[PDB]
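What follows is the content of work.pdb (PDB, C-alpha atoms).
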ATOM      1  CA  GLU A 237     -41.241  30.090  -2.457  1.00  0.00           C
ATOM      2  CA  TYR A 238     -42.855  30.098  -5.910  1.00  0.00           C
ATOM      3  CA  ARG A 239     -40.344  27.438  -7.013  1.00  0.00           C
ATOM      4  CA  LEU A 240     -39.974  25.439  -3.774  1.00  0.00           C
ATOM      5  CA  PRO A 241     -42.637  25.974  -1.089  1.00  0.00           C
ATOM      6  CA  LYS A 242     -41.166  25.849   2.397  1.00  0.00           C
ATOM      7  CA  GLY A 243     -43.904  23.603   3.799  1.00  0.00           C
ATOM      8  CA  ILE A 244     -42.588  20.682   1.750  1.00  0.00           C
ATOM      9  CA  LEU A 245     -39.058  21.412   2.972  1.00  0.00           C
ATOM     10  CA  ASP A 246     -40.272  21.561   6.575  1.00  0.00           C
ATOM     11  CA  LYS A 247     -42.053  18.221   6.170  1.00  0.00           C
ATOM     12  CA  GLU A 248     -38.955  16.537   4.719  1.00  0.00           C
ATOM     13  CA  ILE A 249     -36.724  17.934   7.475  1.00  0.00           C
ATOM     14  CA  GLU A 250     -39.246  16.755  10.077  1.00  0.00           C
ATOM     15  CA  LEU A 251     -39.102  13.299   8.499  1.00  0.00           C
ATOM     16  CA  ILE A 252     -35.311  13.389   8.835  1.00  0.00           C
ATOM     17  CA  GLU A 253     -35.597  14.463  12.482  1.00  0.00           C
ATOM     18  CA  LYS A 254     -37.981  11.549  13.077  1.00  0.00           C
ATOM     19  CA  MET A 255     -34.985   9.248  12.476  1.00  0.00           C
ATOM     20  CA  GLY A 256     -33.230  10.458  15.639  1.00  0.00           C
ATOM     21  CA  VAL A 257     -31.168  13.343  14.224  1.00  0.00           C
ATOM     22  CA  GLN A 258     -30.836  16.257  16.657  1.00  0.00           C
ATOM     23  CA  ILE A 259     -30.764  19.545  14.734  1.00  0.00           C
ATOM     24  CA  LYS A 260     -29.421  22.407  16.863  1.00  0.00           C
ATOM     25  CA  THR A 261     -30.297  25.603  15.022  1.00  0.00           C
ATOM     26  CA  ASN A 262     -28.857  29.074  15.672  1.00  0.00           C
ATOM     27  CA  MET A 263     -25.477  27.421  16.361  1.00  0.00           C
ATOM     28  CA  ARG A 264     -22.609  28.911  14.358  1.00  0.00           C
ATOM     29  CA  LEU A 265     -19.132  27.466  13.900  1.00  0.00           C
ATOM     30  CA  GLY A 266     -16.481  29.857  15.179  1.00  0.00           C
ATOM     31  CA  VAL A 267     -19.047  32.066  16.951  1.00  0.00           C
ATOM     32  CA  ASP A 268     -21.160  29.785  19.157  1.00  0.00           C
ATOM     33  CA  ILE A 269     -19.158  26.576  18.628  1.00  0.00           C
ATOM     34  CA  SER A 270     -15.426  26.085  18.104  1.00  0.00           C
ATOM     35  CA  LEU A 271     -13.991  23.337  15.916  1.00  0.00           C
ATOM     36  CA  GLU A 272     -12.018  22.015  18.900  1.00  0.00           C
ATOM     37  CA  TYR A 273     -15.269  21.355  20.783  1.00  0.00           C
ATOM     38  CA  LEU A 274     -16.618  19.212  17.936  1.00  0.00           C
ATOM     39  CA  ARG A 275     -13.294  17.436  17.410  1.00  0.00           C
ATOM     40  CA  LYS A 276     -13.140  16.622  21.134  1.00  0.00           C
ATOM     41  CA  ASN A 277     -16.685  15.413  21.851  1.00  0.00           C
ATOM     42  CA  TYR A 278     -17.446  13.827  18.456  1.00  0.00           C
ATOM     43  CA  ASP A 279     -15.812  10.927  16.626  1.00  0.00           C
ATOM     44  CA  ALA A 280     -16.273  12.463  13.165  1.00  0.00           C
ATOM     45  CA  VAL A 281     -17.089  15.963  11.928  1.00  0.00           C
ATOM     46  CA  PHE A 282     -18.628  16.660   8.512  1.00  0.00           C
ATOM     47  CA  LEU A 283     -18.634  20.286   7.349  1.00  0.00           C
ATOM     48  CA  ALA A 284     -21.379  21.287   4.891  1.00  0.00           C
ATOM     49  CA  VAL A 285     -21.262  25.047   5.394  1.00  0.00           C
ATOM     50  CA  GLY A 286     -21.709  25.864   1.704  1.00  0.00           C
ATOM     51  CA  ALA A 287     -20.884  29.038  -0.202  1.00  0.00           C
ATOM     52  CA  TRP A 288     -22.565  31.762   1.867  1.00  0.00           C
ATOM     53  CA  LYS A 289     -20.556  34.856   0.860  1.00  0.00           C
ATOM     54  CA  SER A 290     -21.771  36.588  -2.294  1.00  0.00           C
ATOM     55  CA  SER A 291     -19.066  38.030  -4.522  1.00  0.00           C
ATOM     56  CA  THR A 292     -18.697  41.799  -4.537  1.00  0.00           C
ATOM     57  CA  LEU A 293     -19.199  43.712  -7.774  1.00  0.00           C
ATOM     58  CA  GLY A 294     -15.449  44.204  -8.181  1.00  0.00           C
ATOM     59  CA  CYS A 295     -15.851  47.757  -9.513  1.00  0.00           C
ATOM     60  CA  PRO A 296     -15.364  51.135  -7.810  1.00  0.00           C
ATOM     61  CA  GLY A 297     -18.364  52.158  -5.742  1.00  0.00           C
ATOM     62  CA  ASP A 298     -19.525  48.598  -5.038  1.00  0.00           C
ATOM     63  CA  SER A 299     -19.878  49.510  -1.341  1.00  0.00           C
ATOM     64  CA  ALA A 300     -22.355  52.326  -2.042  1.00  0.00           C
ATOM     65  CA  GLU A 301     -25.723  52.031  -0.330  1.00  0.00           C
ATOM     66  CA  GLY A 302     -28.313  50.451  -2.595  1.00  0.00           C
ATOM     67  CA  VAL A 303     -26.014  47.632  -3.749  1.00  0.00           C
ATOM     68  CA  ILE A 304     -26.812  44.307  -2.077  1.00  0.00           C
ATOM     69  CA  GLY A 305     -25.576  40.767  -2.593  1.00  0.00           C
ATOM     70  CA  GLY A 306     -27.850  38.341  -4.381  1.00  0.00           C
ATOM     71  CA  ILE A 307     -27.954  35.604  -1.760  1.00  0.00           C
ATOM     72  CA  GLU A 308     -28.197  38.156   1.063  1.00  0.00           C
ATOM     73  CA  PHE A 309     -31.125  39.850  -0.688  1.00  0.00           C
ATOM     74  CA  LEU A 310     -32.834  36.492  -1.220  1.00  0.00           C
ATOM     75  CA  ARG A 311     -32.216  35.542   2.419  1.00  0.00           C
ATOM     76  CA  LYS A 312     -33.757  38.819   3.585  1.00  0.00           C
ATOM     77  CA  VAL A 313     -36.741  38.226   1.290  1.00  0.00           C
ATOM     78  CA  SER A 314     -37.210  34.647   2.506  1.00  0.00           C
ATOM     79  CA  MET A 315     -36.892  35.676   6.166  1.00  0.00           C
ATOM     80  CA  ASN A 316     -39.522  38.397   5.524  1.00  0.00           C
ATOM     81  CA  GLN A 317     -36.993  41.016   6.570  1.00  0.00           C
ATOM     82  CA  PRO A 318     -37.479  44.538   5.157  1.00  0.00           C
ATOM     83  CA  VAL A 319     -35.395  45.171   2.041  1.00  0.00           C
ATOM     84  CA  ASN A 320     -34.863  48.568   0.417  1.00  0.00           C
ATOM     85  CA  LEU A 321     -35.927  47.980  -3.173  1.00  0.00           C
ATOM     86  CA  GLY A 322     -37.000  50.635  -5.665  1.00  0.00           C
ATOM     87  CA  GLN A 323     -38.640  51.307  -8.995  1.00  0.00           C
ATOM     88  CA  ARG A 324     -35.438  50.408 -10.867  1.00  0.00           C
ATOM     89  CA  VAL A 325     -33.456  47.235 -10.151  1.00  0.00           C
ATOM     90  CA  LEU A 326     -30.487  45.829 -12.068  1.00  0.00           C
ATOM     91  CA  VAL A 327     -29.160  42.329 -11.380  1.00  0.00           C
ATOM     92  CA  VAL A 328     -25.530  41.649 -12.300  1.00  0.00           C
ATOM     93  CA  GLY A 329     -24.943  37.994 -13.144  1.00  0.00           C
ATOM     94  CA  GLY A 330     -26.317  35.026 -15.052  1.00  0.00           C
ATOM     95  CA  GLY A 331     -26.723  32.147 -12.609  1.00  0.00           C
ATOM     96  CA  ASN A 332     -29.665  30.900 -10.598  1.00  0.00           C
ATOM     97  CA  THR A 333     -29.064  33.690  -8.077  1.00  0.00           C
ATOM     98  CA  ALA A 334     -29.477  36.430 -10.686  1.00  0.00           C
ATOM     99  CA  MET A 335     -32.688  35.000 -12.136  1.00  0.00           C
ATOM    100  CA  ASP A 336     -34.210  34.322  -8.715  1.00  0.00           C
ATOM    101  CA  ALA A 337     -33.356  37.851  -7.570  1.00  0.00           C
ATOM    102  CA  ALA A 338     -34.829  39.354 -10.743  1.00  0.00           C
ATOM    103  CA  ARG A 339     -38.090  37.426 -10.414  1.00  0.00           C
ATOM    104  CA  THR A 340     -38.328  38.192  -6.686  1.00  0.00           C
ATOM    105  CA  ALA A 341     -37.828  41.895  -7.420  1.00  0.00           C
ATOM    106  CA  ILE A 342     -40.537  41.670 -10.082  1.00  0.00           C
ATOM    107  CA  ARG A 343     -42.869  40.103  -7.514  1.00  0.00           C
ATOM    108  CA  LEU A 344     -41.768  42.593  -4.824  1.00  0.00           C
ATOM    109  CA  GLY A 345     -43.173  45.539  -6.781  1.00  0.00           C
ATOM    110  CA  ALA A 346     -40.249  46.744  -8.893  1.00  0.00           C
ATOM    111  CA  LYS A 347     -41.512  48.501 -12.009  1.00  0.00           C
ATOM    112  CA  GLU A 348     -38.670  47.317 -14.253  1.00  0.00           C
ATOM    113  CA  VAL A 349     -35.912  44.788 -13.561  1.00  0.00           C
ATOM    114  CA  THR A 350     -32.960  44.389 -15.930  1.00  0.00           C
ATOM    115  CA  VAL A 351     -30.369  41.596 -15.803  1.00  0.00           C
ATOM    116  CA  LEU A 352     -26.835  42.411 -16.991  1.00  0.00           C
ATOM    117  CA  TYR A 353     -24.711  39.489 -18.198  1.00  0.00           C
ATOM    118  CA  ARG A 354     -21.190  39.799 -19.597  1.00  0.00           C
TER     119      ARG A 354
ATOM    120  CA  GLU B 237      -8.028  13.542  49.932  1.00  0.00           C
ATOM    121  CA  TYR B 238      -6.836  13.175  53.532  1.00  0.00           C
ATOM    122  CA  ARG B 239      -8.807  16.316  54.442  1.00  0.00           C
ATOM    123  CA  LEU B 240     -11.829  15.911  52.133  1.00  0.00           C
ATOM    124  CA  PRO B 241     -12.411  12.468  50.588  1.00  0.00           C
ATOM    125  CA  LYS B 242     -13.734  12.731  47.050  1.00  0.00           C
ATOM    126  CA  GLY B 243     -16.435  10.095  47.554  1.00  0.00           C
ATOM    127  CA  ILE B 244     -18.359  12.469  49.817  1.00  0.00           C
ATOM    128  CA  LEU B 245     -17.996  15.235  47.228  1.00  0.00           C
ATOM    129  CA  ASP B 246     -19.211  12.904  44.480  1.00  0.00           C
ATOM    130  CA  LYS B 247     -22.239  11.928  46.570  1.00  0.00           C
ATOM    131  CA  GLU B 248     -23.164  15.563  47.258  1.00  0.00           C
ATOM    132  CA  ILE B 249     -22.783  16.512  43.587  1.00  0.00           C
ATOM    133  CA  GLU B 250     -24.916  13.507  42.616  1.00  0.00           C
ATOM    134  CA  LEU B 251     -27.558  14.723  45.067  1.00  0.00           C
ATOM    135  CA  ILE B 252     -27.457  18.128  43.371  1.00  0.00           C
ATOM    136  CA  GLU B 253     -27.792  16.499  39.941  1.00  0.00           C
ATOM    137  CA  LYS B 254     -30.807  14.561  41.237  1.00  0.00           C
ATOM    138  CA  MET B 255     -32.641  17.909  41.441  1.00  0.00           C
ATOM    139  CA  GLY B 256     -32.589  18.334  37.651  1.00  0.00           C
ATOM    140  CA  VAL B 257     -29.307  20.224  37.175  1.00  0.00           C
ATOM    141  CA  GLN B 258     -27.463  19.247  33.987  1.00  0.00           C
ATOM    142  CA  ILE B 259     -23.704  19.423  34.575  1.00  0.00           C
ATOM    143  CA  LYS B 260     -21.768  19.509  31.295  1.00  0.00           C
ATOM    144  CA  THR B 261     -18.159  18.762  32.179  1.00  0.00           C
ATOM    145  CA  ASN B 262     -15.114  19.336  29.951  1.00  0.00           C
ATOM    146  CA  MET B 263     -16.821  22.491  28.621  1.00  0.00           C
ATOM    147  CA  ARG B 264     -14.585  25.556  28.897  1.00  0.00           C
ATOM    148  CA  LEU B 265     -15.615  29.182  28.473  1.00  0.00           C
ATOM    149  CA  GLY B 266     -13.740  30.816  25.610  1.00  0.00           C
ATOM    150  CA  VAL B 267     -12.352  27.509  24.290  1.00  0.00           C
ATOM    151  CA  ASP B 268     -15.225  25.035  23.910  1.00  0.00           C
ATOM    152  CA  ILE B 269     -18.060  27.510  24.532  1.00  0.00           C
ATOM    153  CA  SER B 270     -18.522  31.235  23.977  1.00  0.00           C
ATOM    154  CA  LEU B 271     -20.039  33.909  26.200  1.00  0.00           C
ATOM    155  CA  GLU B 272     -22.269  35.066  23.333  1.00  0.00           C
ATOM    156  CA  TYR B 273     -23.731  31.560  23.033  1.00  0.00           C
ATOM    157  CA  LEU B 274     -24.652  31.593  26.728  1.00  0.00           C
ATOM    158  CA  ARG B 275     -26.053  35.128  26.561  1.00  0.00           C
ATOM    159  CA  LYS B 276     -28.200  34.172  23.562  1.00  0.00           C
ATOM    160  CA  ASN B 277     -29.505  30.744  24.615  1.00  0.00           C
ATOM    161  CA  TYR B 278     -29.942  31.509  28.337  1.00  0.00           C
ATOM    162  CA  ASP B 279     -31.857  34.143  30.284  1.00  0.00           C
ATOM    163  CA  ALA B 280     -29.187  34.603  32.968  1.00  0.00           C
ATOM    164  CA  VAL B 281     -25.513  33.661  33.209  1.00  0.00           C
ATOM    165  CA  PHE B 282     -23.680  33.231  36.523  1.00  0.00           C
ATOM    166  CA  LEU B 283     -19.882  33.010  36.358  1.00  0.00           C
ATOM    167  CA  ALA B 284     -18.161  31.089  39.172  1.00  0.00           C
ATOM    168  CA  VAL B 285     -14.841  30.412  37.461  1.00  0.00           C
ATOM    169  CA  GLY B 286     -12.748  31.065  40.574  1.00  0.00           C
ATOM    170  CA  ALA B 287      -9.071  31.938  40.907  1.00  0.00           C
ATOM    171  CA  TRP B 288      -7.355  29.248  38.823  1.00  0.00           C
ATOM    172  CA  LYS B 289      -4.032  30.933  37.959  1.00  0.00           C
ATOM    173  CA  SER B 290      -1.317  30.547  40.586  1.00  0.00           C
ATOM    174  CA  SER B 291       0.959  33.536  41.083  1.00  0.00           C
ATOM    175  CA  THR B 292       4.483  33.266  39.724  1.00  0.00           C
ATOM    176  CA  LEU B 293       7.433  33.513  42.096  1.00  0.00           C
ATOM    177  CA  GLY B 294       8.214  37.051  40.940  1.00  0.00           C
ATOM    178  CA  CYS B 295      11.983  36.476  41.083  1.00  0.00           C
ATOM    179  CA  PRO B 296      14.510  35.788  38.310  1.00  0.00           C
ATOM    180  CA  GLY B 297      14.588  32.155  37.255  1.00  0.00           C
ATOM    181  CA  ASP B 298      10.968  31.443  38.207  1.00  0.00           C
ATOM    182  CA  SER B 299      10.460  29.791  34.796  1.00  0.00           C
ATOM    183  CA  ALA B 300      13.183  27.184  35.378  1.00  0.00           C
ATOM    184  CA  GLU B 301      12.037  23.576  35.265  1.00  0.00           C
ATOM    185  CA  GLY B 302      11.385  22.212  38.734  1.00  0.00           C
ATOM    186  CA  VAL B 303       9.321  25.243  39.790  1.00  0.00           C
ATOM    187  CA  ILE B 304       5.586  24.521  39.710  1.00  0.00           C
ATOM    188  CA  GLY B 305       2.527  26.423  40.868  1.00  0.00           C
ATOM    189  CA  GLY B 306       0.845  25.280  44.049  1.00  0.00           C
ATOM    190  CA  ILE B 307      -2.656  24.760  42.688  1.00  0.00           C
ATOM    191  CA  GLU B 308      -1.308  23.206  39.479  1.00  0.00           C
ATOM    192  CA  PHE B 309       0.795  20.777  41.525  1.00  0.00           C
ATOM    193  CA  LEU B 310      -2.211  19.909  43.692  1.00  0.00           C
ATOM    194  CA  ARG B 311      -4.370  19.436  40.584  1.00  0.00           C
ATOM    195  CA  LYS B 312      -1.775  17.083  39.097  1.00  0.00           C
ATOM    196  CA  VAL B 313      -1.645  15.162  42.384  1.00  0.00           C
ATOM    197  CA  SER B 314      -5.438  14.937  42.643  1.00  0.00           C
ATOM    198  CA  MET B 315      -5.799  13.848  39.004  1.00  0.00           C
ATOM    199  CA  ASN B 316      -3.109  11.181  39.629  1.00  0.00           C
ATOM    200  CA  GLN B 317      -1.013  12.764  36.898  1.00  0.00           C
ATOM    201  CA  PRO B 318       2.760  12.152  37.041  1.00  0.00           C
ATOM    202  CA  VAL B 319       4.464  15.014  38.879  1.00  0.00           C
ATOM    203  CA  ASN B 320       8.222  15.537  39.186  1.00  0.00           C
ATOM    204  CA  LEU B 321       9.217  15.839  42.838  1.00  0.00           C
ATOM    205  CA  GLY B 322      12.580  15.083  44.430  1.00  0.00           C
ATOM    206  CA  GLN B 323      14.307  14.565  47.743  1.00  0.00           C
ATOM    207  CA  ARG B 324      14.291  18.314  48.466  1.00  0.00           C
ATOM    208  CA  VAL B 325      11.096  20.371  48.194  1.00  0.00           C
ATOM    209  CA  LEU B 326      10.640  24.057  49.027  1.00  0.00           C
ATOM    210  CA  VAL B 327       7.228  25.703  49.391  1.00  0.00           C
ATOM    211  CA  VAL B 328       6.920  29.478  49.004  1.00  0.00           C
ATOM    212  CA  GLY B 329       3.825  30.864  50.708  1.00  0.00           C
ATOM    213  CA  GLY B 330       1.770  30.712  53.884  1.00  0.00           C
ATOM    214  CA  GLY B 331      -1.838  30.018  52.923  1.00  0.00           C
ATOM    215  CA  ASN B 332      -3.866  26.853  52.560  1.00  0.00           C
ATOM    216  CA  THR B 333      -2.161  26.137  49.231  1.00  0.00           C
ATOM    217  CA  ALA B 334       1.325  26.138  50.757  1.00  0.00           C
ATOM    218  CA  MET B 335       0.389  23.868  53.661  1.00  0.00           C
ATOM    219  CA  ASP B 336      -1.539  21.443  51.449  1.00  0.00           C
ATOM    220  CA  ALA B 337       1.361  21.284  48.989  1.00  0.00           C
ATOM    221  CA  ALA B 338       3.855  20.698  51.806  1.00  0.00           C
ATOM    222  CA  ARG B 339       1.820  17.869  53.327  1.00  0.00           C
ATOM    223  CA  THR B 340       1.173  16.312  49.907  1.00  0.00           C
ATOM    224  CA  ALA B 341       4.906  16.407  49.164  1.00  0.00           C
ATOM    225  CA  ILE B 342       5.557  14.796  52.549  1.00  0.00           C
ATOM    226  CA  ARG B 343       3.090  12.037  51.662  1.00  0.00           C
ATOM    227  CA  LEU B 344       4.472  11.780  48.105  1.00  0.00           C
ATOM    228  CA  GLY B 345       7.863  10.604  49.369  1.00  0.00           C
ATOM    229  CA  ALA B 346       9.863  13.815  49.740  1.00  0.00           C
ATOM    230  CA  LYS B 347      12.572  13.339  52.353  1.00  0.00           C
ATOM    231  CA  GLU B 348      12.458  16.931  53.620  1.00  0.00           C
ATOM    232  CA  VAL B 349       9.943  19.689  52.878  1.00  0.00           C
ATOM    233  CA  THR B 350      10.520  23.286  53.983  1.00  0.00           C
ATOM    234  CA  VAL B 351       7.960  26.104  53.828  1.00  0.00           C
ATOM    235  CA  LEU B 352       9.320  29.640  53.387  1.00  0.00           C
ATOM    236  CA  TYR B 353       7.105  32.490  54.602  1.00  0.00           C
ATOM    237  CA  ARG B 354       8.016  36.174  54.430  1.00  0.00           C
TER     238      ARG B 354
END

Exercise: express the given structure as C-alpha cells:
Amino acid sequence: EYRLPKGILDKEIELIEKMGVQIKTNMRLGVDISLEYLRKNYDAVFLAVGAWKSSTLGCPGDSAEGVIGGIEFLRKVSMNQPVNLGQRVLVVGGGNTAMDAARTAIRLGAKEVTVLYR
Amino acid sequence: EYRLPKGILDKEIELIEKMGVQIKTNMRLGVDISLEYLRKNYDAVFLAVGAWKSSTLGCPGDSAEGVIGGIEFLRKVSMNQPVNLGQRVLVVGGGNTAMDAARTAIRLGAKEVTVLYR
C-alpha cells in the first residue's frame, strides 16, 4: 500500500467496469468454473492467471513451520490476515518480492530484517 | 409428443420464468458447474437431477450395436436426433418407458414391435 494505494486501483477498476465489463470475483478456474464451460458459452477465452505459486526454498527443511512464501505472505498482509512474524526475519531472494516482503516486515514490527541474495 | 405436446410445457415453463426464476440451461453439475460453487454462492441448494441412467440389459452382448437404452432412445427421438431403428424392434421392460418406446417405434416406421416382459 505504501507504493500503490488500493483506492487508486479501485477507482481505475471501477472506471473499467463502467465500460460494460462484468467482473465475477471469487470465481476460480478448475474449482468453480471448468475450461469446457468457458469454451462452450464464450467465443474466445483469454487466460491471464499469472504466476501465483511462489518457489519453495529448495533446501532440506523448507516445509518447517515459520517458512512462508513471499507472495503468499504479501497476500496475507494485504488481505489483513494474521501472519506469524517474529523479531528476526530473513528474506531469501533479490526481486521485487524480496524487497517488498522485507519492507513490509520492517513496517509490521520486525526488529531486524535481513535479505539473503546469492 | 402424442401424449404431452411440448408447446403446453413451454407455455407453463414460460409462466414459471415470468415469476422471476432464472433458468440457466446447458449447465451441468460436475461438468460445467461445481457443487462447491453452488454451496458458496447460494444459501440453499436443491438437487432434482432425477434418474437419467437407463439400466443395462444385464445379459451377455448388451453392449452390441443396435441395443439402446429406453430413455436415451426417447431423448434422441424427442430431440429429433437421428436414431437407428429397423424393421424388427424388441422392447425389454414393462413400465412407462417400455410402452412409450414401443409406440414411438411403431410411429417411427418399424414394421413389427414386440415388448418382452418377465

Q: Using the chain letters and residue numbers of this document, give as an NGL selection string the residues selected by the PyMOL selection byres ((chain A and resi 310) around 12).
A: :A and (237 or 288 or 290 or 304-309 or 311-319 or 332-341 or 344)

Where's the centre, and what are the edge lengths in Å to one decimal, of a box along x, y and z enclosing all listed atoms of segment 262-266 of chain B padded 4 Å per side, as AutoDock Vina command-line options?
--center_x -15.3 --center_y 25.1 --center_z 27.8 --size_x 11.1 --size_y 19.5 --size_z 12.3

Q. Just so the selection is clear, what residues does the PyMOL selection byres ((chain B and resi 325) around 10) cover here, as JSON, numbers by chain?
A. {"B": [302, 303, 321, 322, 323, 324, 326, 327, 337, 338, 341, 342, 346, 347, 348, 349, 350, 351]}

Q.
For this structure, which residues satisfy the selection - the ChimeraX specification (/A :<7) & /B - when it is evaluated on the file as given? I want them as a VMD selection string.
A. chain B and resid 268 to 270 272 to 273

Q) How many Å separate atom CA of residue 296 of chain A from atom CA of residue 343 of chain A? A)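 Taking atom CA of residue 296 of chain A as the start and atom CA of residue 343 of chain A as the end point, the length is 29.6 Å.
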
Q) Rounded to one decimal in Å, what is the spacing between atom CA of residue 287 of chain B and atom CA of residue 275 of chain A? A) 27.9 Å

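Going from atom CA of residue 352 of chain A to atom CA of residue 329 of chain A covers 6.2 Å.
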
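Among the candidate residues B:238, B:354, B:282, B:265, the one lying nearest to residue 330 of chain B is B:354, with distances computed using all atoms listed in the file.
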
Completed segment 298-313 of chain B (N, CA, C and O atoms) as a tab-separated table (two decimals), keeping the file's coordinate frame:
chain	number	residue	atom	x	y	z
B	298	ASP	N	12.20	32.11	37.81
B	298	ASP	CA	10.97	31.44	38.21
B	298	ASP	C	10.45	30.49	37.14
B	298	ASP	O	9.63	29.62	37.44
B	299	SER	N	10.90	30.64	35.89
B	299	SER	CA	10.46	29.79	34.80
B	299	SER	C	11.32	28.54	34.63
B	299	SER	O	11.05	27.74	33.73
B	300	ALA	N	12.34	28.36	35.47
B	300	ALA	CA	13.18	27.18	35.38
B	300	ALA	C	12.39	25.93	35.70
B	300	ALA	O	11.47	25.94	36.54
B	301	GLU	N	12.73	24.83	35.03
B	301	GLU	CA	12.04	23.58	35.26
B	301	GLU	C	12.33	23.09	36.68
B	301	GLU	O	13.45	23.24	37.18
B	302	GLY	N	11.32	22.53	37.33
B	302	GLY	CA	11.38	22.21	38.73
B	302	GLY	C	10.69	23.21	39.63
B	302	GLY	O	10.66	23.01	40.85
B	303	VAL	N	10.15	24.29	39.06
B	303	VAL	CA	9.32	25.24	39.79
B	303	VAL	C	7.91	25.13	39.24
B	303	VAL	O	7.69	25.32	38.03
B	304	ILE	N	6.96	24.81	40.11
B	304	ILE	CA	5.59	24.52	39.71
B	304	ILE	C	4.64	25.29	40.62
B	304	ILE	O	4.93	25.49	41.80
B	305	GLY	N	3.52	25.74	40.07
B	305	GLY	CA	2.53	26.42	40.87
B	305	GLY	C	1.88	25.50	41.88
B	305	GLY	O	1.78	24.29	41.68
B	306	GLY	N	1.43	26.08	42.99
B	306	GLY	CA	0.84	25.28	44.05
B	306	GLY	C	-0.44	24.59	43.63
B	306	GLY	O	-0.59	23.38	43.80
B	307	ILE	N	-1.38	25.35	43.07
B	307	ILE	CA	-2.66	24.76	42.69
B	307	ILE	C	-2.49	23.82	41.50
B	307	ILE	O	-3.19	22.81	41.41
B	308	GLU	N	-1.57	24.12	40.58
B	308	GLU	CA	-1.31	23.21	39.48
B	308	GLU	C	-0.70	21.90	39.98
B	308	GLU	O	-1.07	20.82	39.51
B	309	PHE	N	0.22	21.98	40.93
B	309	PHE	CA	0.80	20.78	41.52
B	309	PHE	C	-0.27	19.96	42.24
B	309	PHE	O	-0.31	18.73	42.11
B	310	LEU	N	-1.15	20.62	42.99
B	310	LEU	CA	-2.21	19.91	43.69
B	310	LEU	C	-3.23	19.32	42.72
B	310	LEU	O	-3.79	18.25	43.00
B	311	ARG	N	-3.47	19.98	41.60
B	311	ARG	CA	-4.37	19.44	40.58
B	311	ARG	C	-3.76	18.21	39.91
B	311	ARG	O	-4.46	17.23	39.64
B	312	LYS	N	-2.45	18.26	39.63
B	312	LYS	CA	-1.78	17.08	39.10
B	312	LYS	C	-1.82	15.93	40.09
B	312	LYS	O	-2.03	14.77	39.69
B	313	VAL	N	-1.61	16.21	41.37
B	313	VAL	CA	-1.64	15.16	42.38
B	313	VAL	C	-3.04	14.56	42.48
B	313	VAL	O	-3.21	13.34	42.53
